[PDB]
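Each remark here refers to the structure printed beneath this line.
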Amino acid sequence: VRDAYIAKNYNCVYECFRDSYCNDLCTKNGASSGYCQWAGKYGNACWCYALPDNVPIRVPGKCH
């Protein structure tokens, strides 16, 4: 499992503004927790906590 910017299709996240949405989103994939986090490198995103292993999260620089 991991803590990271969850991906969508091609190393892109869910640009969310409702931590709660994440709290539901991440765990919905099987994460233990879920919060929307933001940094800059890739902007804002959902930081899934203890997200399972089958979900390639994203960290490239730019989504594509």
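The deposited model was determined using solution NMR.
Here the Cβ of each residue, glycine as well, is placed from N, Cα and C on the backbone.
What Swiss-Prot records for 2-64 is domain 'LCN-type CS-alpha/beta'.
The feature disulfide bond is assigned by Swiss-Prot to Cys12-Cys63 (among others). Around the Cβ of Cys63 (disulfide bond), a 10 Å sphere holds 17 further Cβ atoms from the protein chains shown.
According to Swiss-Prot, the disulfide bond annotation covers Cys16-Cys36 (among others), on the basis of experimental evidence. Note on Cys36 (disulfide bond): other Cβ atoms within 10 Å of its Cβ, all shown chains, come to 21. DSSP assigns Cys36 (disulfide bond) to a strand in the three-state reduction.
The feature disulfide bond is assigned by Swiss-Prot to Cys22-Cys46 (among others), with experimental evidence given as support. Around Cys46 (disulfide bond), the same-chain residues at least 6 positions away in sequence with a Cβ under 8 Å from its Cβ are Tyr5, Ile6, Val13, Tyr14, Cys16, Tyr21, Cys22, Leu25, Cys26, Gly34, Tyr35, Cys36, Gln37.
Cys26 (disulfide bond) falls within a helical segment according to DSSP. Annotated disulfide bond per Swiss-Prot: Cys26-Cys48 (among others), in sequence order, evidence recorded as experimental evidence.
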| request: Using C-alpha atoms only, work out the spacing between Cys63 (disulfide bond) and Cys48 (disulfide bond) and round it to an integer in Å. | output: 17
| remark: Quick tally, other C-beta within 10 angstroms, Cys12, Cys16, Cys26, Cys48; top of the disulfide-bonded residues is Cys48
| request: Measure from the Cβ of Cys22 (disulfide bond) and count the other Cβ atoms within 10 Å, all protein chains considered. | output: 25
| Separation of alpha carbons, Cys12 (disulfide bond) and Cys48 (disulfide bond) (Å) | 13
